[PDB]
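As structure tokens, the structure follows; a few thoughts come after it.
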Amino acid sequence: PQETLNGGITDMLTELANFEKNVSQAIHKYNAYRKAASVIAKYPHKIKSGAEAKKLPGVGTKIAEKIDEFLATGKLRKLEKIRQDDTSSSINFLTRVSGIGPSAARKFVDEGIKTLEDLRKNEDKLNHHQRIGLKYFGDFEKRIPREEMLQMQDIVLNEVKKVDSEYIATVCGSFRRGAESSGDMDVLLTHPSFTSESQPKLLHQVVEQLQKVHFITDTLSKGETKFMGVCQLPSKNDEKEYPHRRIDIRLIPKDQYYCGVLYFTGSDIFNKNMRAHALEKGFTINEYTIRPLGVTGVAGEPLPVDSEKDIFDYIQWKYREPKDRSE
DNA sequence: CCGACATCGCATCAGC
DNA sequence: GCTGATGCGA
DNA sequence: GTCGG
Ligand SMILES: Nc1ccn([C@H]2C[C@H](O)[C@@H](COP(=O)(O)NP(=O)(O)OP(=O)(O)O)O2)c(=O)n1
Ligand SMILES: [Mg+2]
Ligand SMILES: [Mg+2]
Ligand code: NA
Ligand code: NA
């Protein structure tokens with residue numbers, strides 16, 4: 001029930017997580033540190049020893065050692081040192097630009113480019129995605145109040161039906177889990193003339209419409225089944241301008257619609273725990289189709305599903321509402 | 001001691 | 001020209 | 001880094 005309880009520790013693991021991801025390029029250590037931080041964050045006691053923390057799932061030998069040091073000194077020497085290392089701190093920060101991953105960030109820092117200022121000086125060395133992530137650096141780190149999400153949802157739902165009233169658009173992600181604020185907007189899309197069976201420009205025409213009314217402002221990537229870009233709420237004539245926001249639109253076949261709603265509603269860790277738990281209950285689920293495993297796991301055919309708890313029963317879990325799907 | 005920890009679409013690079 | 005590998009964010 | 005084969 002508390003961030004403050006073991007906050008010194010959970011911050012330590014979060015920092016260590018980011019450096020593995022961005023500097024050491026180890027996505028699973030990043031995931032491992034996060035898991036440890038999470039379960040420790042829900043632990044309703046103030047941890048007194050590393051042996052005490054090791055008891056929790058996700059916490060093992062090394063993190064136990066790290067906790068002992070922190071508790072008996074108040075610092076982590078490995079972390080103190082990596083904090084003050086110019087190269088490692090520069091690589092880490094640069095990855096906060098959308099489009100710049102660990103590879104490119106390491107590349108830029110190697111040739112002397114270490115700040116936003118240096119980036120804004122070297123546009124020739126940037127792909128289109130990166131120029132936009134740089135441009136809207138501040139805004140993309142701002143959270144979106146649910147009030148604005150509802151306003152955003154209004155424009156989207158309106159223009160979708162305006163193109164063709166047989167479309168269905170569902171706003172998923174954290175917004176659908178009911179969160180008070182979101183980091184971006186996720187839009188699920190479907191149309192009767194697109195199933196797992198076979199109208200050519202379904203995604204293009206929705207996007208084209210949203211650009212027409214000046215909702216979508218930039219395009220990070222776009223194809224037949226998926227769009228990633230930037231959007232903006234129009235301002236009140238006297239009042240100031242809104243931040244540019246990240247938006248993703250994806251086109252999913254209608255006959256697989258609900259599995260997509262489940263997945264893109266999330267959450268992140270929740271989907272990992274469902275697909276890790278299907279493999280022990282003789283199932284295997286992705287964003288398209290839950291399939292009943294065979295004996296050695298030979299994957300049967302795509303079942304029917306006409307609501308989200310259909311899936312929860314196949315897998316035999318209690319139907320948790322979206323608001324309870326953080327993990 | 002050692003591999004799994006999920007897989008996806010799209011931009012861009014490596015190379016025939 | 002093309003296919004495939006990689007990086008990236010989800 | 002953690003878990004389990
Ligand atoms: N790595 C990831 C990231 C997201 N997802 C699914 C669950 C996420 O809810 C859904 C959308 O990703 P997302 O926008 O990045 N996260 P989410 O919407 O949950 O929260 P926010 O960042 O928006 O606030 O993707 C996933 O399965 N694996
Ligand atoms: Mg979201
Ligand atoms: Mg998103
Ligand atoms: Na443990
Ligand atoms: Na980034």
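The basis for the numbers below is simple: all heavy atoms, side chains too, and nothing from hydrogens, waters or symmetry mates. Naming convention: chains lettered A, B, ... in sequence-line order (proteins, then strands); numbering from 1 in each chain.
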A/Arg131 atom CZ is separated from B/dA11 atom P, nearest whole Å, by 15 Å

For the side chain of A/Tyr263 and the base of B/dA6, is some donor closer than 3.5 Å to an acceptor across the two? yes

Length of the CD1-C1' vector between A/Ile252 and B/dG9, whole Å: 13 Å

Is any side-chain heavy atom of A/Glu69 closer than 4.5 Å to one of A/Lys78? no

Between A/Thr225 and B/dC10, is there a contact of a side-chain N or O with OP1 or OP2 at under 4.0 Å? yes

Could you check whether A/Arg245 makes a cation-pi contact with A/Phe140, meaning its NZ or CZ is under 6.0 Å from the centre of the six-membered ring and within 45° of the ring axis? no

Can you measure A/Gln25 atom CD to C/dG7 atom P for me and round it to whole angstrom units? 8 Å

Earlier contact from the 5' end, DNA chain B, for A/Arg275 and A/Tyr288: A/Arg275

Test side chain to side chain donor-acceptor pair (under 3.5 Å), reference A/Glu159, set A/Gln211, A/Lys212, A/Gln209, output is A/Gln209

A/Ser267 side chain vs A/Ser326 backbone, donor-acceptor pair below 3.5 Å: yes

A/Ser221, nearest nucleotide to its side chain (from C/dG9, B/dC10, B/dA6): B/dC10

Please classify the nucleic acid contact of A/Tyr33 as base, sugar-phosphate, or nothing, using heavy-atom distances under 4.0 Å. sugar-phosphate

Roughly how many Å is it from CE in A/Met228 to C1' in B/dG9, rounded to a whole number? 9 Å

Can any side-chain N or O of A/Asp324 pair as donor or acceptor with the backbone N or O of A/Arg320 at less than 3.5 Å? no

For A/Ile269 and B/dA6, give me the distance from atom CD1 to atom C1', rounded to whole Å. 13 Å

How is A/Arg34 classified with respect to the nucleic acid when contacts are heavy atoms under 4.0 Å: base, sugar-phosphate, or nothing? nothing

Which dot-bracket notation, 5' to 3', represents the base pairing of DNA chain B when pairs are defined as Watson-Crick or G-U with both distances under 3.5 Å, crossing pairs as [ ], and inter-strand pairs as |? |||||.||||||||||

Using a 4.0 Å heavy-atom cut-off, does A/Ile27 contact any base of the nucleic acid, only the sugar-phosphate backbone, or nothing at all? nothing

To the nearest angstrom, how far is A/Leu203 atom CG from B/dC10 atom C1'? 12 Å

Say whether A/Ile315 and A/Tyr263 are linked into one hydrophobic cluster, either directly or through other cluster members, by side-chain heavy-atom distances under 4.5 angstrom. yes

Which part of the nucleic acid, if any, lies within contact of A/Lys62, taking any heavy atom under 4.0 Å across all strands shown: a base, the sugar-phosphate backbone alone, or nothing? sugar-phosphate

Indicate the ring-plane relationship of A/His277 and A/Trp317, choosing parallel, tilted or perpendicular according to the 30° and 60° boundaries. parallel

So what does A/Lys66 touch, heavy atoms closer than 4.0 Å: a base, only the sugar-phosphate, or nothing? sugar-phosphate

Greater than 12 external heavy atoms within 6.0 Å of A/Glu180's CD: no

Side-chain N or O of A/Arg250 versus OP1/OP2 of B/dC8: is the shortest distance under 4.0 Å? no

With a 4.0 Å cut-off on heavy atoms, is A/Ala104 in touch with a base, just the backbone sugar-phosphate, or nothing at all? sugar-phosphate

Report which part of the nucleic acid A/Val97 touches: base, sugar-phosphate, or nothing (heavy-atom distance under 4.0 Å, all strands). sugar-phosphate

With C1'-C2'-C3'-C4' as the criterion (positive north, negative south), name the sugar pucker of C/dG1. north

Does NZ in A/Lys161 sit with more than 12 non-hydrogen atoms of other residues, nucleotides or ligands closer than 6.0 Å? no

Within the structure shown, what part of the strands sits under 4.0 Å from A/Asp186 by heavy-atom distance: base, sugar-phosphate, or nothing? sugar-phosphate

Of C/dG9, C/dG7, B/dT12, the nucleotide closest to the side chain of A/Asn127 is B/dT12

Using chain A heavy atoms and a threshold of under 4.0 Å, write down where along DNA chain D the contacts begin and end, 5' to 3'. D/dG1 to D/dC3

NA contact type, A/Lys35, heavy-atom cut-off 4.0 Å: base, sugar-phosphate, or nothing? nothing

Indicate the ring-plane relationship of A/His191 and A/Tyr167, choosing parallel, tilted or perpendicular according to the 30° and 60° boundaries. perpendicular

Contact class for A/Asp248 (heavy atom, under 4.0 Å): base, sugar-phosphate, or nothing? sugar-phosphate

For A/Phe140 and C/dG9, give me the distance from atom CZ to atom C1', rounded to whole Å. 12 Å

Pucker family that the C1'-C2'-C3'-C4' torsion assigns to B/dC8: north

Mind calculating the distance between CG (A/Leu126) and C1' (B/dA11) to the nearest angstrom? 14 Å

Between A/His28 and A/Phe227, whichever has its closest DNA chain B nucleotide further toward 5' is A/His28

Do A/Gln256 and A/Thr289 meet the criterion of a side-chain donor-acceptor pair at a distance under 3.5 Å? no

